[PDB]
Structure formats: C-alpha cells, structure tokens
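Here the structure comes first, spelled out in structure tokens, and everything after it is commentary.
Side-chain atoms are counted along with the backbone in the values below, which use heavy atoms only and exclude waters and symmetry mates. Per chain, numbering begins at 1; letters A, B, ... match sequence-line order.
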2 protein chains.
Amino acid sequence: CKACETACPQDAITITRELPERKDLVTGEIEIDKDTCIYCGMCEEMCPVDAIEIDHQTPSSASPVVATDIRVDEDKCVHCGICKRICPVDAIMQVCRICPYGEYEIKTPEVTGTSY
Amino acid sequence: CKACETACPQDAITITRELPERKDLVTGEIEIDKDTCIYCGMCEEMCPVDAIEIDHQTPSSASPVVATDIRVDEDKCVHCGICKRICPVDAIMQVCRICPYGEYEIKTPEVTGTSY
Ligand code: SF4
Ligand code: SF4
Ligand code: SF4
Ligand code: SF4
Ligand code: SF4
Ligand code: SF4
Ligand code: SF4
Ligand SMILES: [K+]
Ligand SMILES: [K+]
Ligand SMILES: [K+]
C-alpha cells in the first residue's frame, strides 16, 4: 500500500508494486468504419481517456480531405460508450462485455511488489 | 393497430399484421451439459416459456435412466436466466446479450400488414 514509505521520517523505505495493465481489467469490442467516418473530430474530443486518434491535415488538391486516418488504441479504451453515442453518422461500433463475459475475460488482479 | 377491425359494427374491415419472430427480439447463448445433468426436472418446471424439453421415460433394466435427453428450444428461449439459477448441479451455461449487444444483434421491429 506504500503507507510506510510515505510515513518514514528518514526515507529509509522503498516499496515497489507492479499493477495490472488497464487493458486486462476491461473487456469489449470497438471498430470504426472509416468510410462512413466524415472526420468531425467529436469522438476524439469526447473520449475521456484519449484512446481515439485522428491524422488531421490541411487539404490539398492532391489530397482533398481534412484527415487521412482514424484509430482506436485498445490498450487505453475502457469501453464507456461515449464516442459511439456522439458520432453523428454512427460510424463507430462499440459494445462493452464486462457484465456478460467479465468473469471469464477479466482476470482477478494479483498485485506484486517488494520492500526494502 | 386493429382498433377499427374491432370497432366496425358490421365486421367490414380485415386488418392483417405480421409480427417479428420472438427469437429475433432477443439475444443470448444457452447450452446444457447432458452428462452433468441429473434430470431432476427443476429447469423444465421453472422455464416460463416451456423452452426446455426432457425426454422422460420409465426405467428398464436395459435402459436404467429416468430420461434420455434434454434440449433447449432457442426459438422460444428469452434468456431470462431462471434455469441456470435453479440448476442443482450447474449443468446449464447461459448468457444474456440483450443489453450490451442489443443494438447490433436485435433488429428494430418493423411491422407490416394491410387493410381491406
Ligand atoms: S508494509 Fe507493506 S503494507 Fe504495511 S504499509 Fe509498508 S507497505 Fe503498506
Ligand atoms: S465521430 Fe463518428 S465521425 Fe466524427 S469522427 Fe469520430 S467517427 Fe468519424
Ligand atoms: S469507448 Fe469510451 S473509451 Fe473506448 S474509446 Fe470510445 S470512448 Fe474513448
Ligand atoms: S386504421 Fe390502420 S390504424 Fe387507424 S385503426 Fe384501423 S388500423 Fe389501427
Ligand atoms: S436442472 Fe440442472 S439438472 Fe435438473 S435438469 Fe435442468 S439441468 Fe438437468
Ligand atoms: S432461459 Fe429463461 S427461458 Fe431460456 S430457458 Fe432457461 S429459462 Fe426457459
Ligand atoms: S440486464 Fe444483463 S441480463 Fe437483465 S437483460 Fe440487460 S442483459 Fe440480459
Ligand atoms: K517519507
Ligand atoms: K479527449
Ligand atoms: K415450465
């Protein structure tokens, strides 16, 4: 818990702990149909964990688009559903699996560490 | 809605309508492990839509069992979860997908018919 590390008046204590990765405490599916996507940016703004990334650009006559790609980083996504609800053209498919499949897909966290 | 069919004092109106099938308004997985199953009948009794069927029999020395098969009719199952909770030997695996996947797996009902 690291209380003693904080409490030690001489900073004599080191407490380490390895926590689980975020991806492993969460489960769901998410896909963005980039052809439907019109790159309004609203999902990128609203995503509270900054998992969505858009390759913005200034258009040119060779490339007359305001963006060239959009991606979701599933290492960060926690499947809150905000992006799919805000998308004006319903280009995002997103479903959280925690309640139906959480027992099987999310391993109970083992917290490791050492003291010195 | 057929109110006019009912209201017509001369029974002059025919109104038809084709409702969706029950299976298409509902989503889930369900399977029964027949080797674990002891054929106690509790799920068949509790199933509120009579979706579970047990092939009961009187035992004989050639066939010393009180039932030879058990089945779930998924055309009838609405994935309420009762059978799995009542099962004394946890022989039923059942998952309901309605809330997480209902947006994608359950098609919006569109009710057709005509008038005369
Ligand atoms: S000891 Fe292990 S536990 Fe007791 S405090 Fe220091 S850390 Fe938290
Ligand atoms: S919102 Fe729907 S549309 Fe606007 S960007 Fe994120 S995805 Fe492309
Ligand atoms: S889901 Fe909640 S989190 Fe995963 S991306 Fe769309 S928003 Fe960012
Ligand atoms: S008309 Fe079509 S709607 Fe108006 S009542 Fe007879 S049925 Fe219900
Ligand atoms: S309850 Fe568990 S056991 Fe008794 S029947 Fe339905 S399944 Fe086979
Ligand atoms: S789930 Fe609800 S419905 Fe489908 S079977 Fe077990 S009980 Fe009958
Ligand atoms: S809640 Fe969990 S269970 Fe009750 S319905 Fe929506 S999904 Fe099926
Ligand atoms: K300290
Ligand atoms: K953001
Ligand atoms: K029944």
Side-chain angles (χ1 to χ4, degrees), chain A residues 17-60 62-113, chain B residues 20-31 72 74-75 77-85 92-111:
Chain A
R17 76 192 170 199
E18 300 80 70
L19 302 163
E21 332 194 73
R22 182 147 94 203
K23 70 191 248 186
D24 292 328
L25 299 184
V26 100
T27 181
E29 313 168 34
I30 183 162
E31 184 80 0
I32 307 195
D33 183 9
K34 317 176 179 185
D35 304 315
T36 306
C37 158
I38 51 82
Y39 296 112
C40 84
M42 288 191 263
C43 82
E44 185 187 40
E45 278 175 45
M46 299 282 288
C47 159
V49 305
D50 308 306
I52 294 166
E53 187 175 31
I54 294 168
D55 289 338
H56 296 279
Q57 63 171 29
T58 311
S60 71
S63 180
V65 294
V66 302
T68 56
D69 202 28
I70 180 169
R71 295 175 295 283
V72 177
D73 185 353
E74 298 183 21
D75 284 357
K76 299 195 190 176
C77 156
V78 307
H79 297 288
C80 78
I82 284 168
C83 71
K84 135 181 97 168
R85 284 182 279 270
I86 195 62
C87 163
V89 299
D90 313 307
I92 297 173
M93 180 293 285
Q94 186 277 325
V95 43
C96 191
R97 315 182 31 106
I98 285 165
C99 262
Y101 297 99
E103 282 179 338
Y104 308 106
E105 303 178 333
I106 300 167
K107 275 137 205 48
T108 47
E110 269 195 358
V111 177
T112 171
Chain B
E21 297 189 69
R22 182 148 93 202
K23 70 191 248 186
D24 292 329
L25 295 175
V26 83
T27 300
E29 313 168 34
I30 184 163
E31 65 165 29
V72 177
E74 301 181 28
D75 282 357
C77 156
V78 306
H79 295 288
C80 79
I82 282 168
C83 71
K84 135 183 97 168
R85 284 182 279 271
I92 298 173
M93 176 288 282
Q94 188 276 325
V95 174
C96 194
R97 323 194 91 226
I98 285 164
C99 264
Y101 290 98
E103 192 174 354
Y104 312 102
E105 303 175 332
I106 295 169
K107 178 163 95 73
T108 300
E110 283 131 300
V111 168

Taking atom [atom1] of [X] and atom [atom2] of [Y], what is their separation to the nearest 0.5 Å?
X: A/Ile92; Y: A/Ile82; atom1: CD1; atom2: CD1; value: 11.5 Å
X: B/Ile106; Y: B/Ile98; atom1: CD1; atom2: CD1; value: 5.0 Å
X: A/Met42; Y: A/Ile86; atom1: CE; atom2: CD1; value: 5.5 Å
X: A/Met93; Y: A/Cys83; atom1: CE; atom2: SG; value: 10.5 Å
X: A/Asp50; Y: A/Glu45; atom1: CG; atom2: CD; value: 11.0 Å

>> Using side-chain contact (heavy atoms from CB on, under 4.5 Å), reason through A/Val65 and A/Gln57 one step at a time and then give a plain yes or no.
In response: CA-CA 8 Å; A/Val65 294; A/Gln57 63 171 29; 3.4 Å; yes

>> Determine whether A/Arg71 and A/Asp55 satisfy the following criterion, side-chain contact (heavy atoms from CB on, under 4.5 Å), listing intermediate values before the conclusion.
In response: CA-CA 9 Å; A/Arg71 295 175 295 283; A/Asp55 289 338; 2.9 Å; yes

Determine the minimum heavy-atom distance between [X] and [Y], stating which atoms define it.
X: A/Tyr39; Y: A/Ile54; result: CD2-CG2, 4.0 Å
X: A/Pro100; Y: B/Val95; result: CB-CG1, 3.8 Å
X: A/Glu74; Y: A/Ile30; result: OE2-O, 3.8 Å
X: A/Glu105; Y: A/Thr27; result: OE1-OG1, 2.7 Å
X: A/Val49; Y: A/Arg22; result: CB-NH2, 3.9 Å
X: A/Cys47; Y: A/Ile52; result: SG-N, 4.0 Å

Answer yes or no: are there more than 12 heavy-atom neighbours, outside [X] itself, under 6.0 Å from its atom [atom1]?
X: B/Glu110; atom1: CD; answer: yes
X: A/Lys84; atom1: NZ; answer: yes
X: B/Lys23; atom1: NZ; answer: no
X: A/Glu31; atom1: CD; answer: no

>> Are the side chains of A/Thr36 and A/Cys87 in contact, using a 4.5 Å heavy-atom criterion?
In response: no

> Hey, does A/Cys40 have a side-chain heavy atom less than 4.5 Å from the side chain of A/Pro88?
Replying inline: yes

>> Run the side-chain contact (heavy atoms from CB on, under 4.5 Å) test on B/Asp24 and B/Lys107 for me, step by step, so that the C-alpha distance in whole Å, both residues' side-chain angles and the decisive distance to 0.1 Å come before the verdict.
In response: CA-CA 7 Å; B/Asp24 292 329; B/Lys107 178 163 95 73; over 6 Å; no

> Between the main-chain N or O of A/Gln94 and the side-chain N or O of B/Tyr104, is there a donor-acceptor pair closer than 3.5 Å?
Replying inline: yes

> Would A/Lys76 and A/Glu53 satisfy side-chain contact (heavy atoms from CB on, under 4.5 Å), going step by step from the backbone distance to the final call?
Replying inline: CA-CA 11 Å; A/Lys76 299 195 190 176; A/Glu53 187 175 31; over 6 Å; no

